[PDB]
2 protein chains.
Amino acid sequence: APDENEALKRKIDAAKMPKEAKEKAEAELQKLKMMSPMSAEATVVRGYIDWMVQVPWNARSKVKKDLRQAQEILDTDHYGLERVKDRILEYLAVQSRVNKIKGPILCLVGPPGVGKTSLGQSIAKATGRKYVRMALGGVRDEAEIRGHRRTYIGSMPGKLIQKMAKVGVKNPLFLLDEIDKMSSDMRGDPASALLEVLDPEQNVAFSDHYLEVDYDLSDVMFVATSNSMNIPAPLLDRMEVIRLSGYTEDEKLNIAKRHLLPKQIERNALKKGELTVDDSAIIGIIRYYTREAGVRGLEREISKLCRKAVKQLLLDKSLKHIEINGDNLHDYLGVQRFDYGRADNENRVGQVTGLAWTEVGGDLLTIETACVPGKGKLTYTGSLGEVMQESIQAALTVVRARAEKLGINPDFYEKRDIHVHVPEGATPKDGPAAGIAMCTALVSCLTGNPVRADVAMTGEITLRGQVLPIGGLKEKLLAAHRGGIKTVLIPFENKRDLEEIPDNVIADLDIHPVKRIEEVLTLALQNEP
Amino acid sequence: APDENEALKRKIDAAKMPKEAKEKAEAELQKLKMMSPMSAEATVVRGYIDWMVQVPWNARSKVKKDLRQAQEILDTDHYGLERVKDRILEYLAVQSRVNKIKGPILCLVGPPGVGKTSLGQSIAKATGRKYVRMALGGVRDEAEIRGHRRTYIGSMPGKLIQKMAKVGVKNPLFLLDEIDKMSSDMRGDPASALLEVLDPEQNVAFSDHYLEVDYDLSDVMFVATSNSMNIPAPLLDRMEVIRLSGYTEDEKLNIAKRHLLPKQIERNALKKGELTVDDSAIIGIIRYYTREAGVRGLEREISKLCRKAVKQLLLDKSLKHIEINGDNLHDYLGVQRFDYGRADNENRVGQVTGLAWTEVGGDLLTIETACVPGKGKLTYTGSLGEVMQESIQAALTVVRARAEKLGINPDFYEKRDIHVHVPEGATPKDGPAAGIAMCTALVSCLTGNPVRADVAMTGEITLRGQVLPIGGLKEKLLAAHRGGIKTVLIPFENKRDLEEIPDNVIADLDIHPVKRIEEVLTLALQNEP
């Protein structure tokens, strides 16, 4: 009745609306023409009108059809990686026929600190669609994806509806960040709602608590990102998992010299000829200032270098240029915090270096064994399961069978207790891939032979001394390369897998395929036995 | 229609307003010109008009561009500390180019009782911007940062809008105190609103429940303060953490003689020649009247001294001056409440002194061990986790391996139960840094050798008797210095960290870098074994 109800009514006629939009517009019209000073009644309908005007329809982004431009765009996002972009291109080709996905959503998984956001932005630019993000981590209620009931003012729509209202296109690139961090603790499981907004048979008629009228969401492209492969079962359908990994020394150096350095220089309001960093400084930072698979440490170090350089040049008008090399780098970072190289490790007896497979990239572990006098009981530490128990039992049996050859007293399992400690045993690794490590440590404790340093080993063991194949050799090799380990012992059956590993990692490490316990004991111990 | 609606209308024309302000002014104008006796209708619009007139725009504080004056101002806030002010200067330099932050917010963390508010005021004075504070602790609803819905009178804007209305400048220094104390229990998580008011891409169009019209907040500089590093994940982005620590004896003495004493003298309405306190009294107060990292105890003691001196001089007209020294100090404070020095500690066997890393500064702990007759079960007290369990297991294994050398009966773990008590085990310390302490206490209980007093130790242990490096050596050294401990045992790998500790702390303590359990057992026990 008042003037407000008139102006709002115009917002319904000044915007073109399809059948569903016309239906919600008619509903709002029936809800309009009422008293404007009505507390919590006119404001909610006004907000609904604004949302409808903001909801996209009869308009979309010009989606590109050529694939060459998509490849050229994907080649300049972070580094290219020559591995994941190819898969992306494949998906684009499958989508180069119709506007209907009818399949996966190109899910990305890997350790944090990689080009996930960069890949999403590159895909948005290649597809010619607007970019929009939404975080799935920490979500535990359906009230986060969907809105509230059609009631008094304050019942704002869900995050998805808000993002769609802000992005006035019917075919945007909706990114789903931290899908593995989503939980279900407030109102059932919100995964169902996600399915309703992701399944091509349900997104066309997706209904919201506030926007009860069905909205067409089949043209919206969705992309999910995660850190681990522990994606909920209902969210695993219609999804393709693409695993990402770390980078090598030269790869990280090129990445830093291509985008990290220019971005940090432009962010700190620096000039083109104010700071010059060579490759020696970056190498020193990667070797003694960061230990990870991503480039977060490099970014933080470059930011600190830029800030310190700006402060030093500002307080000294006589300084015209600042150059940081591999020698004065410490002057801006301090004492080194990490060690590179195992040449001066002073090889020990009870300690063994092994490779561990982790969902965020493999790492290095130092397993220990203690053989003290007792009655023969077995003790283990590191939150190990039954698999580790049977593996230790098999290793003990192998040691008992080869004690005569190794010079071990056959009565060691009767008058001496064994305690095996495996640090970070709760790693997301299904299977006791450290059998050879524990066996070598046991042989060392019983014989006193120090385990040769700068040597890494991983793989399963049997009761007859045979080595079984394992998975995730790329991550373990990358971890050994970052840790400065040159000698790596892997099972023989995994030799055929080396053909799928780039030469940049194999040319730096010395791999020796083994299949028996005697070969690992000969190549790992300092002496012959 | 009435006279009121006329006067209020003038407040809309007498103030210059930008596009957004003109939009909200037009909205209020449409809401004005109505009946003034309308209950809860004219008062709310009048309040909105007053808020708009108070909201700053087209006016700002003269921000300074020089850095020398900023350093001179930061050198007279509390003490200078020569550590944090430098970082502040760096930030200022980064902000000495444009009025856009586009980065961190200079978050400060440390134990309570330090110059946090003083640092904020000094930054406000150096930047030439008005000072304003707002407490984030105890906030659990978005209705605290933002206002209420546009409804009947009483729906006042949020705390932020009120602070901005009181401070008539577009670029003020908004301080965020107690960011770690903020929770989420009433209406979702208010952190999101904070992001909307802190993210440079959202503060430019920050909308409020009462002030629904977007307001530009990109020129407002924000600074956060906290006690612990447990900052919520969403509030950690675009933030730089700067850790603060305690002060030494001479540092606290200079701080008291520079600002604490004059402030307390001026607050108690004292004259220049009425009270004279020497350094002996301050030293005695710091040694026997307060045990903390801040200067709260010193402030309280000086306040009590000033009050007692005023009362004594007022009731005695024959007294012309009051002088308090290190001898008569007790006459105004009573009997000493704390003990300084471990020379007369009467070294015990079952007790061991260790250093503990805490988010509010390290402290001293007295770990105990009891070896009673039993079956060999292990018991622990102090709310310890699995890390402490594995550490105690490793220590027990080391003791079992060195029992013959230490003169311990090898059957102690079979006929005797061990109970380890670690007071305040719930400290925010990730890792069993008290391995050497528990091992020494166990060796003492089994051998009866009293642990030498005036000795502190901390560090990780392994199954082979090796000591691993730890973090937070500065806090532990400061705690040992305050407690009067001269002998401190730290891991050998942490020796390179001593170069980052000032000489005022190393010159008072006797540090002995160790790497094996035998060295700690020899330097900690009274006898040789």
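Residues numbered from 1 in each chain as written, not as in the entry; some residues may be left out. Chains lettered and ligands numbered in written order. Part of a larger assembly, values for the part shown. Heavy atoms only, no water.

Its PDB header names cryo-EM as the technique used to obtain the model and reports a resolution of 3.5 Å.

K.L.:
Looking at this structure, I do not really get the layout of surface pockets. What am I missing?
P.N.:
Picture a little ball the size of a water molecule; that probe, rolled over the atoms, points out where space is still empty. All names here are of chain B. Reported here for the second largest pocket is a volume of approximately 1,200 Å³. If you go around the second largest pocket, you meet 43 residues; those closest to its centre are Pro 112, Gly 113, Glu 292, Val 295 and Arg 296. Among the secondary structure elements, those contributing two or more residues to the lining of the second largest pocket are α6 (116-127), β4 (221-226), α11 (249-267), α13 (296-314), β9 (363-373) and α19 (473-482). Split by residue class, the lining of the second largest pocket holds 11 nonpolar, 15 polar and 17 charged. Here the lining of the second largest pocket spans two domains, and each of domain 1 (67-243) and domain 2 (249-332) adds at least three residues to it. (1 Å grid on protein atoms, 1.4 Å probe; cavity = no way out; pocket = protein on both sides within 12 Å on 5 of 7 lines; lining within 4 Å. Points joined across faces, edges and corners; volume = space filled by probe spheres on them. Helix = DSSP H or I, 4+ residues; strand = E, 2+ residues; numbered from the N terminus. Nonpolar A, V, L, I, M, F, W, Y, C, P; charged D, E, K, R; others polar. Domains from an automatic or database assignment.)

K.L.:
Hey, could you run me through the packing of aromatic side chains in this one?
P.N.:
The geometry of an aromatic ring pair is captured by the separation of the ring centres together with the interplanar angle, meaning the angle of the planes. Residues and elements named next belong to chain B. Tallied over the entire structure, the rule returns 6 aromatic pairs over all chains. Taking 4.8 Å as the distance between ring centres and 45° as the angle between the ring planes, the aromatic pair formed by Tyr 48 and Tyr 210 counts as tilted. Residue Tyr 48 is located in helix α3 (residues 42-54), and its partner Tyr 210 is located in the loop between α9 (191-198) and β4; the two are separated by 162 residues in the primary sequence. Each member of the pair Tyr 48 and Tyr 210 is classed as buried. With a centroid separation of 6.0 Å and 75° between ring planes, the pair formed by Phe 412 and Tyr 413 is classed as edge-to-face. (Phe/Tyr/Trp six-rings, centres within 6.5 Å; stacked < 30°, edge-to-face > 60°. Buried < 20%, exposed > 50% of the residue type's maximum accessible area, 1.4 Å probe, protein only.)

K.L.:
How should the domain arrangement of chain A be read in this particular structure?
P.N.:
Reports of interface size often rely on the accessible area that becomes lost once the parts have come together. Residue and element names in this part refer to chain A. Split into domains, chain A comes out as domain 1 (67-243) and domain 2 (249-332). One C-alpha centre belongs to domain 1, the other to domain 2; they are set 35 Å apart. In total, domain 1 and domain 2 occlude about 790 Å² of area from one another, counting both sides; carbon and sulfur atoms represent 58% of this. Contact with domain 2 buries surface across domain 1, with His 78, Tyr 79 and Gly 113 losing the most and accounting together for 69% of the total. Across the domain 1-domain 2 interface, the total number found is 3 residue pairs in polar contact. Class assignment of the residues belonging to the side of domain 1 that touches domain 2 gives a composition of 4 nonpolar, 3 polar and 2 charged. (Buried area = accessible area lost by both parts, 1.4 Å probe. Polar contact = N/O pair within 3.5 Å; in protein donor to acceptor, adjacent residues only side chain to side chain.)

K.L.:
I would appreciate a short explanation of a nonpolar patch on the surface in the present structure.
P.N.:
A surface patch of nonpolar side chains, about 260 Å² in accessible area, is lined by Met229(A), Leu236(A) and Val241(A). Residue placement: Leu236(A) occurs in helix α10 (residues 233-236). (Patch = residues over 30% accessible without salt bridge, like charges linked within 9 Å, V, L, I, M, F, W, Y side chains within 5 Å. Areas by Shrake-Rupley, 256 points an atom, 1.4 Å probe, with all protein chains shown as cover. Salt bridge = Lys/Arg side-chain N within 4 Å of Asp/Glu carboxyl O.)

K.L.:
So what exactly am I meant to see when it comes to unusual backbone geometry here?
P.N.:
Residues apart from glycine generally show negative phi values, whereas peptide bonds are mostly found in trans. If you check the backbone angles, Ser383(A) has positive phi at about 55° while not being a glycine. Its place among the elements puts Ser383(A) in the loop between β10 (378-381) and α15 (386-401). Although it is not a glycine, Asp454(B) sits at a positive phi angle of roughly 60°. Turning to its location among the elements, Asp454(B) is positioned in the loop between α18 (435-447) and β12 (455-457).

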